[PDB]
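Undergrad: This is the structure, below, for whatever I ask next.
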Amino acid sequence: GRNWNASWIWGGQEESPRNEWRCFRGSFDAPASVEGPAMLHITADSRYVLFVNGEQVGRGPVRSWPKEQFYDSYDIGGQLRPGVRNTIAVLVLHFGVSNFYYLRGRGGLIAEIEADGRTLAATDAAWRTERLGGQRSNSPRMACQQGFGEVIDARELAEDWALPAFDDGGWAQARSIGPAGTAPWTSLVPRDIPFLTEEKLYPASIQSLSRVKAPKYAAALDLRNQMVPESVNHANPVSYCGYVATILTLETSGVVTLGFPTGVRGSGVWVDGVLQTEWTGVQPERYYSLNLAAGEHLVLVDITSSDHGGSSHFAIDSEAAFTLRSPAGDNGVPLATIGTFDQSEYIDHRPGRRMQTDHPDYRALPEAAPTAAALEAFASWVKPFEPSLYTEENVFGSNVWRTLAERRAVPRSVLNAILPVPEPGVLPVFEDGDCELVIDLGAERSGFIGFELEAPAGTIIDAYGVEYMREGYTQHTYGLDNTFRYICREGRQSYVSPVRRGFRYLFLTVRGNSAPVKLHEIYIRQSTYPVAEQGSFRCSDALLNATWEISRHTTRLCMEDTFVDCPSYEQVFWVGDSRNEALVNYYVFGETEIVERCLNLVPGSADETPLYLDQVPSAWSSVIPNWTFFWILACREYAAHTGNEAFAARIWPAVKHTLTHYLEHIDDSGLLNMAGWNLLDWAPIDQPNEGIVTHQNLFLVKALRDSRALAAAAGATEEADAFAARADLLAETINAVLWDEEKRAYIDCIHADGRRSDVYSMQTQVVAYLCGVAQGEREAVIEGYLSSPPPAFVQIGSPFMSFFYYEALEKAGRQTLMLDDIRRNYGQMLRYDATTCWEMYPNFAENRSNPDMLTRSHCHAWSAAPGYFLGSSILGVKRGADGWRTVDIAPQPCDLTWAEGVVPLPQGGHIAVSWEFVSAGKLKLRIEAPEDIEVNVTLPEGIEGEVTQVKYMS
Ligand SMILES: [Ca+2]
Ligand SMILES: [Ca+2]
């Protein structure tokens with residue numbers, strides 16, 4: 001790190017407020033001249049947006065474990081005004097709630113400008129601070145994995161708060177928290193990757209315009225934090241038992257519709273003590289029709305369930321007037337919760353008490369309190385709803401359930417809204433209803449939504465992004481409030497959401513405006529790890545070219561400050577996914593720093609568990625054996641790719657440490673037996689959280705062996721011999737126990753009660769093949785399955801698993817089968833106009849809100865296999881020695897007539913290869929690479945040809 005001369009500062013009384021955006025301003029007189037570069041070092045909790053003299057300079061910090069809080073260093077020489085007063089402005093977003101990429105600490109900002117060994121500015125009590133005006137701290141929690149979707153009322157926002165000439169005389173002074181090193185940020189460590197990109201991209205088209213209406217009542221509730229207040233300090237799943245209650249009063253008799261955008265969490269809904277047995281809606285949505293008479297009615301919604309986090313939705317609509325009020329003491333929120341009768345926190349790798357649903361009051365309450373009066377007998381359980389966890393400004397619910405949706409032809413003028421032209425797009429004003437615009441980016445993107453417009457004060461601008469829609473069907477992001485609401489001040493204004501969102505289609509809905517709104521522009525500032533299209537692949541098969549294209553795009557969008565599973569739902573660095581994502585990255589982009597950064601973050605979870613977390617740095621203490629095994633694989637692959645022995649030495653201890661503890665989980669049977677999340681694929685694999693799951697037993701063998709490479713590269717090869725012995729013992733036990741003679745294949749698992757599974761999957765067989773556990777006769781048998789998968793076996797359910805399958809086909813020399821599989825499986829994605837690779841394949845019920853959905857996430861880089869295999873298995877480019885000191889060129893044209901591509905090299909430069917058949921059985925091949933790289937060339941079986949090898953200077 002560095003020695004700081006600045007102090008962590010914050011403002012307000014609460015140390016860690018929920019969902020609060022706070023502004024900071026600091027000024028200083030810059031010297032007439034400065035020799036060296038003027039560096040600005042900064043970090044914040046939770047995230048920040050930096051401005052220097054009014055100009056937005058950057059965002060951060062990168063995700064960190066509070067123990068090693070990463071700080072950024074910017075060269076601000078470009079924004080610095082020599083010899084005069086300069087202004088530093090910062091917007092700090094403090095979550096006040098833990099998630100999958102942030103561990104709750106406390107609000108704070110620390111920044112220091114240094115030049116020529118002298119401190120020119122530093123955060124301290126002299127700085128000014130105030131909450132961002134109009135930012136509602138009760139806005140919806142975005143998702144169990146992320147932060148919050150914002151609601152901003154610009155009428156209360158000081159637009160020029162970041163400008164040098166802004167008058168902050170009335171702003172309170174900031175409060176010092178302490179010097180660098182003050183808890184909870186034990187140490188401040190320098191950002192270990194370059195800065196992310198941020199490029200303004202305009203949309204491709206306007207898909208539709210509609211006159212619409214949201215439900216009279218729509219609210220987003222954070223039931224997790226309301227029912228289990230302490231859950232704000234972690235991101236583990238919790239379960240609670242109880243109800244949501246409100247008194248519905250109708251001025252006159254009429255029909256009322258209860259809407260549940262995300263469904264009913266518990267066993268059901270009760271009205272006046274009567275269980276509503278009828279309802280409509282496409283899962284997970286549900287709507288109830290109530291034919292009520294004038295008067296008061298007690299509505300009780302059972303919410304007993306497991307809740308990982310995120311907003312729960314409740315809506316009501318009727319042609320009749322109605323009011324709502326809490327059965328408890330008035331506090332502003334018309335709802336109350338009853339409970340918490342029982343609860344529990346789930347740590348998937350540790351035993352723990354589970355919530356029960358037999359509490360006597362919970363069971364009797366519904367029917368025992370048909371009125372608010374009768375509810376008095378349960379008064380001790382009726383609690384008010386915490387205001388900050390409740391909001392009626394619900395963009396998601398207002399989009400999922402539209403009481404009116406009337407398509408209108410798109411006026412030419414409106415198109416101007418997505419074009420970089422001077423003429424604005426004038427939106428039509430409907431006499432009765434809102435104006436909904438569906439903006440199509442043309443492809444999935446990830447970044448910050450921005451716009452500029454002119455509108456009457458109070459006009460509501462709602463934004464909601466989705467990944468997929470087709471012919472009247474919109475796949476809503478259930479579980480993700482991918483939204484923001486902006487309320488207009490008078491006149492022209494601009495806004496850029498500081499919350500990252502991933503989506504392809506943006507529902508932009510304008511409400512409450514009396515006069516026409518002029519949309520000057522709507523766009524997205526895409527942001528990813530700095531990648532250039534240095535790698536490439538094209539061939540005679542246009543379908544394969546398209547699969548490569550979406551694989552490359554998917555990888556790009558899943559590369560932030562760390563690799564992430566997806567840009568929409570989570571934006572989380574999942575360890576398992578990163579192994580495949582890194583390999584694809586090597587072939588399509590060639591970046592290495594992001595890979596090492598990710599590999600280095602994993603050991604930081606050692607304090608939580610020696611088995612290591614499946615996603616980091618996170619507050620969800622969760623473990624998936626295979627993910628940790630894939631981390632070891634990724635470490636080996638990274639060390640071999642770069643030839644970075646220093647890294648191998650640094651990481652070896654962490655590798656040895658975790659493997660040592662996994663071995664302790666092998667019992668009498670001599671097999672890995674664990675009580676936890678024993679996952680591999682999203683398919684009907686018999687992989688119980690119970691005992692002996694075959695696939696992870698197989699990967700442990702390979703992990704134990706793969707570890708040697710790191711040990712040897714680290715210069716301590718002997719420290720891995722013990723693991724090598726255990727691998728043999730394990731492999732033998734596996735072949736001795738987990739194999740079925742009659743079926744001639746490995747069983748999925750052995751249950752806790754010792755019951756051997758009768759379920760057979762392609763997955764387990766593929767893994768046995770790749771891990772080298774299946775040898776001789778059994779190997780040949782597995783190879784038969786590879787070329788002809790038994791339809792009776794469980795099938796591969798995700799392109800993630802397809803990746804491992806392709807590695808097996810490569811090992812078996814079945815490249816043509818690999819190509820046909822890619823054509824079929826990725827071709828189906830393209831059929832539905834995919835611009836990125838799907839998380840899972842269609843027709844599998846796992847991991848999705850509705851079994852009819854093609855997939856949950858439409859952009860998961862763990863599914864970008866073609867980006868790696870086309871260049872490696874087909875074009876023919878493979879690493880031949882660590883650090884690519886030698887390269888093996890062995891094309892496998894299969895049924896292609898030509899192909900060409902480029903693979904970047906970690907040391908710089910690239911490997912360019914092109915080939916085409918000039919006549920039957922005869923190829924023309926060109927190879928270009930740096931002169932110091934040895935090239936081994938092998939034409940495919942029975943093929944002759946002309947090879948042109950070109951070497952250029954390093
Ligand atoms: Ca314009
Ligand atoms: Ca030459």
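Residues are named by chain letter and number: chains run A, B, ... in the order of the structure tokens, numbers start at 1 in each chain, and ligands are numbered from 1 in the order shown.
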Neighbours of ligand 2 at 9 Å or closer, counting only C-alpha atoms and all ligand atoms: which residues, as a ChimeraX atom specification?
TA: /A:930-931,949-953
Undergrad: Those same residues - N, CA, C and O atoms - I'd like them written as a PDB file, in the first residue's frame.
TA:
ATOM      1  N   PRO A 930       5.736 -14.457 -33.435  1.00  0.00           N
ATOM      2  CA  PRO A 930       7.005 -13.810 -33.080  1.00  0.00           C
ATOM      3  C   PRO A 930       8.150 -14.796 -33.317  1.00  0.00           C
ATOM      4  O   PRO A 930       8.004 -15.988 -33.065  1.00  0.00           O
ATOM      5  N   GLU A 931       9.280 -14.291 -33.800  1.00  0.00           N
ATOM      6  CA  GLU A 931      10.443 -15.120 -34.123  1.00  0.00           C
ATOM      7  C   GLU A 931      10.985 -16.037 -33.032  1.00  0.00           C
ATOM      8  O   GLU A 931      11.515 -17.101 -33.336  1.00  0.00           O
ATOM      9  N   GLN A 949       5.279 -20.364 -43.105  1.00  0.00           N
ATOM     10  CA  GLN A 949       5.500 -19.908 -41.748  1.00  0.00           C
ATOM     11  C   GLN A 949       6.268 -18.599 -41.758  1.00  0.00           C
ATOM     12  O   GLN A 949       7.389 -18.522 -42.270  1.00  0.00           O
ATOM     13  N   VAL A 950       5.647 -17.574 -41.186  1.00  0.00           N
ATOM     14  CA  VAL A 950       6.228 -16.245 -41.119  1.00  0.00           C
ATOM     15  C   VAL A 950       6.570 -15.863 -39.679  1.00  0.00           C
ATOM     16  O   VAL A 950       5.755 -16.038 -38.772  1.00  0.00           O
ATOM     17  N   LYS A 951       7.780 -15.354 -39.469  1.00  0.00           N
ATOM     18  CA  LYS A 951       8.203 -14.925 -38.141  1.00  0.00           C
ATOM     19  C   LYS A 951       8.452 -13.424 -38.169  1.00  0.00           C
ATOM     20  O   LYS A 951       9.030 -12.908 -39.128  1.00  0.00           O
ATOM     21  N   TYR A 952       8.010 -12.718 -37.135  1.00  0.00           N
ATOM     22  CA  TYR A 952       8.258 -11.285 -37.085  1.00  0.00           C
ATOM     23  C   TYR A 952       8.942 -10.935 -35.770  1.00  0.00           C
ATOM     24  O   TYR A 952       8.974 -11.744 -34.843  1.00  0.00           O
ATOM     25  N   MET A 953       9.507  -9.736 -35.702  1.00  0.00           N
ATOM     26  CA  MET A 953      10.220  -9.288 -34.515  1.00  0.00           C
ATOM     27  C   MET A 953       9.351  -9.038 -33.296  1.00  0.00           C
ATOM     28  O   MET A 953       8.218  -8.574 -33.406  1.00  0.00           O
TER      29      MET A 953
END
Undergrad: Excluding residue A:572 and residues on its chain fewer than 3 positions from it, collect all residues at most 8 Å away from it, counting only C-alpha atoms, and give them as a list in words.
TA: residues 100, 101, 145, 563, 564, 565, 566, 615 and 616 of chain A
Undergrad: Keeping C-alpha atoms, export the residues of the selection given above as a JSON list (two decimals), in the first residue's frame.
TA:
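Saved as result.json:
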[["chain", "number", "residue", "atom", "x", "y", "z"],
["A", 100, "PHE", "CA", -22.52, -11.12, -2.93],
["A", 101, "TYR", "CA", -19.84, -8.53, -3.77],
["A", 145, "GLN", "CA", -26.84, -10.48, -4.86],
["A", 563, "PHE", "CA", -15.14, -12.07, -14.08],
["A", 564, "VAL", "CA", -18.86, -12.34, -13.26],
["A", 565, "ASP", "CA", -21.50, -14.99, -13.87],
["A", 566, "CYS", "CA", -23.75, -12.51, -15.70],
["A", 615, "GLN", "CA", -18.26, -16.66, -5.00],
["A", 616, "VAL", "CA", -16.12, -13.83, -3.58]]
Undergrad: When DSSP works through the backbone of this structure, what residues of stretch 62-302 of chain A end up as strand (DSSP E), shown as JSON, numbers by chain?
TA: {"A": [68, 69, 70, 71, 72, 73, 74, 75, 85, 86, 87, 88, 89, 90, 91, 92, 93, 94, 108, 109, 110, 111, 112, 113, 114, 115, 118, 119, 120, 121, 122, 128, 129, 130, 131, 151, 152, 153, 172, 173, 175, 176, 177, 178, 179, 187, 188, 189, 190, 199, 200, 201, 205, 206, 207, 208, 209, 210, 211, 212, 213, 217, 218, 219, 220, 221, 238, 239, 240, 243, 244, 245, 246, 247, 248, 249, 250, 254, 255, 256, 257, 258, 259, 260, 269, 270, 271, 274, 275, 286, 287, 288, 289, 290, 291, 292, 295, 296, 297, 298, 299, 300, 301, 302]}
Undergrad: In terms of the shortest atom-to-atom distance over only C-alpha atoms, which of A:413, A:129, A:139, A:578 is closest to residue A:161?
TA: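 Nearest candidate to residue A:161 out of A:413, A:129, A:139, A:578: A:129.
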Undergrad: Show me which residues line ligand 1, defined as having an atom within 8 Å of a ligand atom where only C-alpha atoms and all ligand atoms count, and present them as a PyMOL selection string.
TA: chain A and resi 416-425+519-521
Undergrad: Against stretch 341-353 of chain A, which residues of stretch 576-687 of chain A fall within 8 Å? For each one I want the closest pair of atoms and the distance in Å (one decimal), counting only C-alpha atoms, rows by chain and increasing residue number, as a tab-separated table.
TA:
residue	atom	partner	partner_atom	distance
A:621	CA	A:347	CA	6.2
A:622	CA	A:348	CA	5.8
A:623	CA	A:349	CA	6.2
A:675	CA	A:349	CA	6.6
A:676	CA	A:349	CA	4.9
A:677	CA	A:348	CA	6.2
Undergrad: From the options A:193, A:613, A:896, A:223, which residue's atoms come nearest to residue A:529, counting only C-alpha atoms?
TA: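 Closest to residue A:529, using only C-alpha atoms: A:193.
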Undergrad: With only C-alpha atoms as the counted atoms, please give the residues lying no more than 12 Å from residue A:722, apart from itself and same-chain residues fewer than 6 positions off, as a ChimeraX atom specification.
TA: /A:656,659-660,663,704-705,707-708,711,728-729
Undergrad: Generate the output file for the selected residues, C-alpha atoms, as a short mmCIF file (atom, residue, chain, number, x, y, z; two decimals), in the first residue's frame.
TA:
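Written output follows (selection_25.cif):
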data_model
loop_
_atom_site.label_atom_id
_atom_site.label_comp_id
_atom_site.auth_asym_id
_atom_site.auth_seq_id
_atom_site.Cartn_x
_atom_site.Cartn_y
_atom_site.Cartn_z
CA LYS A 656 -2.24 -26.97 -0.50
CA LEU A 659 -6.82 -29.62 -0.59
CA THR A 660 -5.60 -30.71 2.84
CA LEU A 663 -9.05 -34.79 2.14
CA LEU A 704 -5.00 -33.38 -6.36
CA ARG A 705 -2.95 -34.15 -9.46
CA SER A 707 -1.90 -29.27 -7.85
CA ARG A 708 1.51 -30.78 -8.61
CA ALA A 711 3.87 -27.07 -6.53
CA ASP A 728 -4.42 -42.95 -6.68
CA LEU A 729 -6.16 -44.36 -3.61
#
Undergrad: Near residue A:919, within 12 Å and counting only C-alpha atoms, which residues show up once chain neighbours fewer than 5 positions away are dropped, as a list in words?
TA: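 Non-adjacent residues within range: residues 897, 898, 924, 943, 944, 945 and 946 of chain A.
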Undergrad: List the neighbours of stretch 694-703 of chain A out to 7 Å using only C-alpha atoms; skip same-chain residues closer than 4 positions along the sequence, and give me the result as a PDB file with C-alpha atoms, in the first residue's frame.
TA:
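Writing the result to result_24.pdb gives the following:
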ATOM      1  CA  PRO A 625     -16.506 -28.412  -3.875  1.00  0.00           C
ATOM      2  CA  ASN A 626     -16.244 -28.442  -7.680  1.00  0.00           C
ATOM      3  CA  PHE A 629     -11.527 -27.589  -7.596  1.00  0.00           C
ATOM      4  CA  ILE A 632      -7.208 -24.917  -8.553  1.00  0.00           C
ATOM      5  CA  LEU A 633      -7.527 -25.844 -12.227  1.00  0.00           C
ATOM      6  CA  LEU A 671     -14.532 -41.623  -0.731  1.00  0.00           C
ATOM      7  CA  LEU A 672     -15.341 -37.929  -0.402  1.00  0.00           C
ATOM      8  CA  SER A 707      -1.897 -29.265  -7.845  1.00  0.00           C
ATOM      9  CA  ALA A 727      -5.335 -39.378  -5.751  1.00  0.00           C
ATOM     10  CA  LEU A 730      -9.227 -42.254  -4.337  1.00  0.00           C
ATOM     11  CA  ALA A 731      -9.291 -43.172  -8.034  1.00  0.00           C
ATOM     12  CA  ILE A 747     -23.463 -44.116 -10.610  1.00  0.00           C
ATOM     13  CA  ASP A 748     -24.355 -40.515  -9.783  1.00  0.00           C
ATOM     14  CA  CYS A 749     -23.951 -41.035  -6.047  1.00  0.00           C
ATOM     15  CA  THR A 764     -20.727 -38.152 -14.423  1.00  0.00           C
ATOM     16  CA  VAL A 767     -16.148 -36.125 -15.795  1.00  0.00           C
ATOM     17  CA  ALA A 768     -14.779 -39.634 -15.236  1.00  0.00           C
ATOM     18  CA  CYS A 771     -10.286 -36.815 -14.859  1.00  0.00           C
TER      19      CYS A 771
END
Undergrad: Would you list the contacts of residue A:814 as number ranges by chain, taking every protein, DNA or RNA residue within 10 Å and counting only C-alpha atoms, but skipping same-chain residues closer than 4 positions in sequence?
TA: A: 783, 786-787, 806-810, 818-819, 873, 892, 894
Undergrad: One decimal, Å: what's the distance from atom CA of residue A:798 over to atom CA of residue A:537, could you say?
TA: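 Interatomic distance here is 23.4 Å.
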Undergrad: So that I can see what lies close to residue A:279, please list as a list in words the residues with an atom at most 9 Å from it, counting only C-alpha atoms and leaving out residues fewer than 6 positions away in the same chain.
TA: residues 286, 287, 288 and 289 of chain A
Undergrad: Let's have the selection written as a short mmCIF file (atom, residue, chain, number, x, y, z; two decimals), in the first residue's frame, with N, CA, C and O atoms.
TA:
data_model
loop_
_atom_site.label_atom_id
_atom_site.label_comp_id
_atom_site.auth_asym_id
_atom_site.auth_seq_id
_atom_site.Cartn_x
_atom_site.Cartn_y
_atom_site.Cartn_z
N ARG A 286 -49.11 -14.24 -9.88
CA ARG A 286 -50.40 -14.70 -9.42
C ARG A 286 -51.30 -13.51 -9.15
O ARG A 286 -50.86 -12.49 -8.61
N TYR A 287 -52.57 -13.64 -9.54
CA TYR A 287 -53.55 -12.58 -9.33
C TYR A 287 -54.83 -13.18 -8.76
O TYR A 287 -55.28 -14.24 -9.20
N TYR A 288 -55.40 -12.51 -7.77
CA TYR A 288 -56.64 -12.97 -7.15
C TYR A 288 -57.74 -11.97 -7.44
O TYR A 288 -57.52 -10.76 -7.40
N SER A 289 -58.94 -12.48 -7.72
CA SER A 289 -60.09 -11.63 -7.99
C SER A 289 -60.96 -11.66 -6.74
O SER A 289 -61.32 -12.74 -6.26
#
Undergrad: May I ask for the distance between atom CA of residue A:875 and atom CA of residue A:901, given in Å to one decimal place?
TA: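 For atom CA of residue A:875 relative to atom CA of residue A:901, the distance reads 7.1 Å.
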Undergrad: What is the atom CA of residue A:500-atom CA of residue A:567 distance in Å, reported with one decimal?
TA: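 Interatomic distance here is 8.3 Å.
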Undergrad: Pick out the closest residue to residue A:172 from this set: A:53, A:24, A:282, A:215. Count only C-alpha atoms.
TA: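 Smallest distance to residue A:172 is found for A:24.
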